[PDB]
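These protein sequence lines map, in sequence, to chains A, E, C, G, D, H, M, N, F and B.
Quick note, PDB author numbering runs 36 ahead of the 1-based positions in the first sequence.
Quick note, PDB author numbering runs 36 ahead of the 1-based positions in the second sequence.
Quick note, PDB author numbering runs 9 ahead of the 1-based positions in the third sequence.
Quick note, PDB author numbering runs 9 ahead of the 1-based positions in the fourth sequence.
Quick note, PDB author numbering runs 29 ahead of the 1-based positions in the fifth sequence.
Quick note, PDB author numbering runs 29 ahead of the 1-based positions in the sixth sequence.
Residues 19 to 126, 150 to 268, numbered by PDB author numbering, are exactly what the seventh sequence covers, in order.
Residues 19 to 126, 150 to 268, numbered by PDB author numbering, are exactly what the eighth sequence covers, in order.
Quick note, PDB author numbering runs 19 ahead of the 1-based positions in the ninth sequence.
Quick note, PDB author numbering runs 19 ahead of the 1-based positions in the tenth sequence.
Take a look at the structure below.
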Amino acid sequence: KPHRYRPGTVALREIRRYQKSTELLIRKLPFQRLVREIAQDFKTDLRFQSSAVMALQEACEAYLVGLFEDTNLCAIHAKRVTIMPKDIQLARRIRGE
Amino acid sequence: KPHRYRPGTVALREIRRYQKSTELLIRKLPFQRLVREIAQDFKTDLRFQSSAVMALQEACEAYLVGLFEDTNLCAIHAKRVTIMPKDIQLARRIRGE
Amino acid sequence: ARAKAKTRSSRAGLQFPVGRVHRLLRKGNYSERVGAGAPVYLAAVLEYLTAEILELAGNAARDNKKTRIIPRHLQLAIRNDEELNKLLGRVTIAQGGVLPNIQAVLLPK
Amino acid sequence: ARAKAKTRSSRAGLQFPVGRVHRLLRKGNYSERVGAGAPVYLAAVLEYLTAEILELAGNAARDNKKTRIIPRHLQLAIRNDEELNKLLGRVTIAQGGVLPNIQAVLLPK
Amino acid sequence: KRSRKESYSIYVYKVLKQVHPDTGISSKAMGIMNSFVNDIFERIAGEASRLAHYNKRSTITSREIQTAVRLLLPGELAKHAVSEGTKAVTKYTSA
Amino acid sequence: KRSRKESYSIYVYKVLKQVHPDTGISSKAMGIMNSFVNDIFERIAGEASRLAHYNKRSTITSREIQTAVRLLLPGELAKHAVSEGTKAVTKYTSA
Amino acid sequence: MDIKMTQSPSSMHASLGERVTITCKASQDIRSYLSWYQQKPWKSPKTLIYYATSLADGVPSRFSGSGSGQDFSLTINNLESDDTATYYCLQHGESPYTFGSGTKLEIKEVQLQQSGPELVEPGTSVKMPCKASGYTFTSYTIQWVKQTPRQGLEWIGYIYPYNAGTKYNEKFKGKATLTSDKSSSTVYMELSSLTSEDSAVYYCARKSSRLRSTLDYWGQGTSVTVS
Amino acid sequence: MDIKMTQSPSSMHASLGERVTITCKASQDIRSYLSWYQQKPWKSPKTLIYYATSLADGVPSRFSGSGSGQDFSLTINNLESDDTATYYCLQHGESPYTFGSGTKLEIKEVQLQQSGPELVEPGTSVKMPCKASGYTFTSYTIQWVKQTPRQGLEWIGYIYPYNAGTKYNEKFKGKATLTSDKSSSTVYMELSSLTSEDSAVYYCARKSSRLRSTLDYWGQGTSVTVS
Amino acid sequence: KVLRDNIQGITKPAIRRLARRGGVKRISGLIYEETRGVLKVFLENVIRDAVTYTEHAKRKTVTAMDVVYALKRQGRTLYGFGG
Amino acid sequence: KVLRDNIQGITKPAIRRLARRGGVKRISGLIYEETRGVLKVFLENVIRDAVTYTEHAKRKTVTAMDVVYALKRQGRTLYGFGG
DNA sequence: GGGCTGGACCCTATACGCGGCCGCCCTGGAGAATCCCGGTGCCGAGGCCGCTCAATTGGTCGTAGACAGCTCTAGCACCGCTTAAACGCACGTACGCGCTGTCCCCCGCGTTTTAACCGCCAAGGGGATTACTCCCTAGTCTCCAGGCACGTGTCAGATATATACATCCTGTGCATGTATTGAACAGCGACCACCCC
DNA sequence: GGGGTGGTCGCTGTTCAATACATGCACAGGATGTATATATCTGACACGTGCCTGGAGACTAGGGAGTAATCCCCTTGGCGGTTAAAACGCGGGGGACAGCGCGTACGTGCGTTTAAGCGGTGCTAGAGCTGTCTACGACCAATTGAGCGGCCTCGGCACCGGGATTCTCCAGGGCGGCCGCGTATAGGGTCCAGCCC
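Rendered as structure tokens:
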């Protein structure tokens with residue numbers, strides 16, 4: 037039978053890998069399309085500097101990572117290990133968001 | 037056999053009482069002594085305006101009330117109703133202190 | 010001779026002091042120059058916000074059978090409105106108390 | 010007669026520019042007047058903070074066996090230090106990543 | 030006499046008399062409204078100063094005030110404040 | 030012709046050559062250090078400005094800068110930055 | 019003690035391209051909190067003027083309003099073919115909001154999805170939903186309006202999704218019950234014990250908590266018909 | 019490769035009121051990260067100079083430090099009977115901190154609670170606490186220093202309670218293990234496989250994570266005797 | 020002269036009242052001491068800034084404006100005492 | 020020209036990578052939609068301010084400094100983009 | 001003259017240790033991931049050069065703030081008295097927490113698909129710069145009215161009292177599910193009329 | 001005329017409906033707490049008054065910003081390959097979650113203690129204001145050298161390939177506690193001798 041890691045081992049391995057790395061975790065091109073789509077609601081025919089989209093992506097990934105840290109703390113508080121939307125809402129609402 | 041309300045009934049009565057009122061919940065004179073004792077660590081022989089002590093008391097009560105709201109949310113997230121030091125710690129940690 | 014003085018507040022149809030706001034902008038270390046319309050715009054905005062909060066607070070006081078607005082009524086007005094609450098989320102209102110709010114799971118079965 | 014120009018940074022024994030800091034303080038609408046010692050003090054403080062962060066970041070780079078400080082090393086230096094992390098708590102560092110931290114309850118066994 | 034410690038109390042009272050002719054206001058609510066007016070003034074003025082500085086403008090105009098209002102005030106509060114300010118500025122310009 | 034974009038890159042580099050003579054710094058890390066210097070400068074300058082305004086002082090002196098540093102920088106950062114600033118001001122005055 | 023709103027011309031005719039004036043007189047002082055609505059037949063009303071003088075978004079400058087206190091007016095300068103509709107003044111200066119009797123004029150992105158027609162037997166209960174999209178759901182009250190050909194528009198009440206707060210018209214206490222659902226961004230209206238007079242078109246309408254804001258966007262209207 | 023600290027005047031005699039100068043050499047450039055300590059017999063050392071020139075808190079201006087690079091100097095101007103003690107230079111510019119051999123001078150609220158003397162048998166293990174109070178526990182490293190009557194002061198390592206990070210002297214890896222408990226604001230040093238060579242007084246010392254900050258406050262010391 | 024143990028003046032009943040205003044129905048016995056610690060930290064942080072403002076003014080009285088400035092500097096703006 | 024559904028470009032594996040960097044070991048299936056909503060809200064908040072700064076500058080290109088100013092105004096100070 | 005009692009020989013009921021068995025713990029090996037090491041190459045970091053403009057130097061001037069003196073306010077210290085709140089204790093209950101079991105749903109992995117990424121090219125919009133101009137704001141002087149300090153009166157809200165209503169909690173009665181049992185009915189033990197031899 | 005058997009009666013086992021018992025639900029009523037109405041009163045709020053200083057009016061000067069024109073950079077759009085990553089599906093384990101039980105910790109209430117709150121008095125430190133005066137920061141003009149832009153090279157690092165180490169998972173074996181089975185042991189059953197009826 038083929039080798040198969042027990043569940044959570046590859047998860048912890050991925051955790052260590054992405055906490056060691058610093059690269060952006062969201063694909064640049066679809067994030068850029070998302071930014072342009074969102075901006076269409078505020079002003080039509082906007083243009084974006086590549087550095088402006090990169091700054092937005094840096095900020096978004098940092099915000100989401102911090103929010104997932106708070107979500108993980110909430111899940112562990114509930115004595116779970118699976119983060120859930122209720123944990124995201126708790127973290128956001130305690131942060132005043 | 038003497039009348040007794042079931043546990044939690046007087047607690048909810050008291051919650052409704054204090055959520056309606058606006059006065060200071062901490063005794064003013066011992067809070068003033070606490071303020072002076074803390075300040076003497078930073079400067080000896082400080083005077084305090086009565087309004088300065090009252091402002092500190094308003095701020096402290098507001099901070100503690102908001103912290104207990106977040107603590108209660110954490111406790112309910114844990115499927116408890118008793119707030120606990122781990123709940124206070126989680127609220128403080130997520131809030132960024 | 011000088012014409013009869015008209016306050017800039019009266020010229021703008023405002024209760025708030027355009028002249029004082031202009032002097033605070035000039036003396037507040039905000040810029041080298043302060044345009045003539047800037048204090049008028051700022052006084053209009055401050056008067057609008059003051060009117061909105063005072064009207065909601067007076068409504069709250071009326072609902073509470075009180076004729077005078079108190080910090081409790083200001084707090085109720087601010088917190089019962091999402092936009093005012095987000096404007097003043099980081100603010101403590103002295104003697105304002107808190108909104109009456111009990112989590113449902115705490116209520117008896 | 011005109012003495013040789015001796016920069017205020019050199020007079021104060023600083024690397025950071027006292028003259029530039031003074032010009033920024035004057036042009037920044039911070040006050041009507043700027044004392045002569047104020048840009049010197051601010052340049053000394055900025056130099057101290059820059060030196061502290063750069064030295065911690067260089068230590069981190071050495072521990073990684075890299076020669077050049079990168080945003081990862083700046084982030085490690087700042088987050089691994091409580092006072093720097095409190096000063097820069099609300100700050101995101103681009104390409105900085107996060108500290109290695111797994112909650113114990115997530116570990117096996 | 031004591032030195033003239035100016036405040037917004039009379040203007041807030043005038044606004045109160047407009048919005049609710051027959052209600053009054055206690056001294057503590059009066060002080061809270063003074064604090065509110067000062068705080069919002071400082072927020073809008075600081076934001077306008079930053080806008081002017083960002084754009085290398087020496088002057089704070091009603092256009093920087095309008096942008097600062099849009100940035101600070103939320104939702105419909107922002108556009109109603111903008112409408113109020115624009116109306117006042119237009120009336121003032123018409124003298 | 031394009032204008033001069035002033036920055037703290039050379040000063041950060043001189044400080045780096047003092048603290049770790051052999052190591053270098055990437056352009057992104059230099060940009061981050063520029064952002065850090067600008068941010069801390071604006072924080073201290075704004076706090077000193079507010080101190081002067083609170084005390085009805087027209088001028089920002091090294092004493093307002095010292096107080097702003099004590100307010101902003103925590104813990105031992107505050108003490109060491111105060112020592113560095115005081116030493117620099119003393120040396121500048123003596124020179 | 020309700021503020022009855024009196025529109026002077028109950029109907030009028032005009033040719034193309036000339037000015038029109040519609041007058042609405044308030045029972046009591048409402049302090050400029052008056053709005054004007056244009057309702058083409060079988061379609062939801064669109065707001066034109068709010069705060070008694072300010073054009074609603076997208077409304078051409080042809081429409082204009084004036085007045086304060088108790089006397090208000092609406093003016094249409096360049097009459098175009100589509101300006102034929104029924105025009106309602108709405109006061110929201112006091113807790114029971116009151117529409118005008120309506121002036122029928124004849125001449126020669151925010152979405153509030155609302156359910157389709159309903160057929161019910163008397164004594165039943167019905168639940169009109171109002172799915173809202175295109176804006177932050179909690180920031181705006183959802184207002185409910187009842188339209189009949191005999192009574193015109195009637196304001197039922199509102200739900201404030203931010204805090205689930207409600208207010209109801211005294212004519213609709215018990216009859217109506219409003220609830221919100223933040224997760225689905227949907228508002229529901231209960232009608233209890235349907236009766237013959239309850240055959241009406243019900244509109245959900247968005248209104249900001251700002252006092253000068255008016256019912257700005259409307260649902261398509263749920264036509265409840267009771268047998 | 020450890021930086022050798024060399025205090026030239028291994029012992030000095032002086033009367034009251036005269037000036038004393040103590041030098042301290044470095045084998046490598048330490049860039050002004052040198053500190054001077056005064057240890058009276060059977061007392062914890064008190065810091066006098068940090069960052070090679072700056073007076074420690076409460077230290078009178080009589081003590082004067084100078085020098086940079088590899089040449090350093092401690093000067094005492096107006097001697098007192100109180101000044102009779104042993105003075106150590108401490109470098110902390112490189113990862114293994116190194117004290118000077120010491121200088122005996124003869125003249126003719151932060152609290153670190155540390156446990157009392159502990160007799161132990163060879164081969165066992167001992168756990169020495171350091172209860173820290175009066176300050177923000179997590180903001181400062183706790184440095185551990187060994188003092189034999191023969192080898193002088195040796196730096197064992199530190200634990201930084203904010204992130205539980207530790208650094209150990211290569212001489213003490215495995216021998217020493219440092220742990221912290223934030224709840225009790227207590228740092229524990231555990232010594233493993235005790236040896237008669239391990240009989241020495243151990244000090245816990247607070248040191249900020251700031252690079253120029255030195256070991257400023259010291260515990261009273263825990264005497265460990267191995268039979 | 021000196022004051023030594025006044026944090027215990029923030030009594031368990033007082034902490035219960037604050038929790039009740041916060042909507043708390045049931046309170047663990049360790050909450051009182053945890054809350055005393057938290058309050059102590061908050062007061063230290065605010066009073067340190069307030070005394071810093073007082074020292075800068077070369078005043079020896081801590082004023083309500085000093086407290087308000089400290090609170091605002093910590094992002095906890097207080098209305099009612101300014102001015 | 021009109022973009023319509025690009026929030027789905029924040030894929031499930033991308034959200035998983037963000038969670039992994041956040042130290043999350045196990046992820047509920049509804050986390051992905053909740054996170055897409057949260058990111059959508061954050062982006063609207065930031066981009067609205069960025070566009071406001073751009074409109075004030077009478078510029079039509081949103082610049083990295085506009086984004087940095089928006090973030091700083093929101094308490095999200097970003098170092099590394101000309102701040 | 002022989003069975004009962006005492007002492008001793010023999011039949012048998014029994015407490016206990018060893019081998020078999022199932023669970024716990026340990027370890028070696030396969031496999032996959034990660035880390036160290038060497039080689040290559042490339043692009044960005046660091047240094048050099050020219051220039052230009054912002055910082056320095058030197059001098060003038062006015063005003064901001066330092067310092068001294070004085071007043072008067074408000075913050076501190078103290079005392080007595082009332083009483084409200086804290087405290088300590090007893091009791092019980094309901095809630096936290098641990099344990100068990102189920103099942104679903106998230107993870108790990110292999111396969112297919114897709115679109116991100118990269119490299120390159122081209123167009124052109126608009127950002128940045130420059131030149132010119134004019135009008136809008138700062139600055140100044142005069143003057144006067146709005147707003148602030150102060151005083152005063154009265155009415156709105158705080159307080160006290162009584163009452164009506166609402167809510168909480170529990171003992172009591174009623175409805176329902178279930179154990180119990182006397183009896184309605186059939187199976188079997190036993191007496192009798194009668195068949196078979 | 002006796003031996004023996006099915007028929008039928010009497011006793012009893014089985015089951016079923018009424019009896020009785022226990023449990024869950026709704027309600028009536030008592031006790032308590034809260035909302036409401038009325039009278040009293042006090043002190044804070046709202047208004048009136050004097051005055052003074054800060055805002056308005058009128059004018060001037062200049063430079064900041066508006067507007068036009070030009071450049072070129074950098075953004076957008078497109079296209080073609082090449083994988084890397086995303087999507088999908090599947091098998092399964094482990095984690096979420098519900099349910100249950102226990103015990104203890106917290107709520108409720110009462111009686112005692114304590115110290116907070118209030119009022120009143122007294123004092124003095126220090127905040128706040130005024131007046132004087134000087135040093136210091138703004139301002140300006142000339143000078144120049146420091147810092148920025150541009151160019152170039154070369155080495156640090158990124159990448160690739162290949163071993164070597166480490167970590168994970170699991171399959172097999174050593175070791176310990178519980179259960180099945182056989183044995184030395186003694187309790188009692190039984191034989192021989194002395195004795196009393």
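From the three backbone atoms N, C-alpha and C, an ideal C-beta is built for every residue, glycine too.
Non-local C-beta neighbours of N:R49 in its own chain, meaning closer than 8 Å and more than five positions away in sequence, comprise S86, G87 and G111, ordered along the chain. For D:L80, same chain residues with a beta-carbon under 7 Å away, outside a window of 5 residues either side, are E93, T96 and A97 in chain order. Beta-carbon to beta-carbon, N:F213 and N:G198 are separated by about 6 Å, close enough to satisfy the 8 Å threshold. For the 8 Å CB-CB criterion, A:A114 and E:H39 do not form a contact.
According to DSSP, G:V114 shares a beta bridge with no other residue.
Think of a sphere of 7 Å around the beta carbon of B:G94: no beta carbon from chain A falls inside it, the nearest being about 10 Å out. For N:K43, there is no enclosing alpha helix (DSSP H); the residue is part of the beta strand (DSSP E) that begins and ends at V38 to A44. Taking a Cβ-Cβ threshold of 7 Å, the residues of chain B close to A:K79 are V70 and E74, in chain order.
With respect to chain C, the C-beta atom of D:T96 has no partner C-beta closer than 8 Å. Interface annotation, F:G41: in contact with chain E, CB-CB separation under 8 Å. When Cβ-Cβ separations below 8 Å define contact, G:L115 makes contact with chain B. Judged by DSSP secondary structure, M:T189 falls outside any alpha helix (DSSP H) and instead within the beta strand (DSSP E) spanning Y181 to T189. The C-alpha of E:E59 is placed about 18 Å away from the C-alpha of F:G28. Of the other Cβ atoms in all chains shown, fewer than 16 fall within 10 Å of the Cβ of H:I39; this residue is therefore exposed.
Close CB contacts of N:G164 within its chain, under the 7 Å cut and outside five residues either way in sequence, are with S234 and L235 (chain order).
Residues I89 of the same chain have their beta carbon placed closer than 7 Å to that of D:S78, with the five preceding and five following residues left out of the count. Secondary structure note for C:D72: its alpha helix (DSSP H) is the uninterrupted segment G46 to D72. Within chain H, the residues whose beta carbon sits less than 8 Å from that of G:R17 are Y121, listed in sequence order.
Within chain M, the C-beta atoms nearer than 7 Å to that of D:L106 come from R251, in chain order. The beta carbon of M:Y203 falls within 8 Å of a beta carbon belonging to chain C, placing the residue at that interface. Using beta-carbon distances, C:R11 does not count as an interface residue toward chain E, since no partner is under 8 Å. Judged by DSSP in its simplified three-state form, N:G198 adopts strand. According to the DSSP assignment, E:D106 belongs to the alpha helix (DSSP H) that extends over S86 to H113.
Between the stretch 67-74 of chain E and the stretch 243-261 of chain N, the count of C-beta pairs closer than 8 Å stays below three; the two stretches do not touch.
Chain order gives the chain G residues near B:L97 as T101 and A103, where near means a beta carbon separation below 7 Å.
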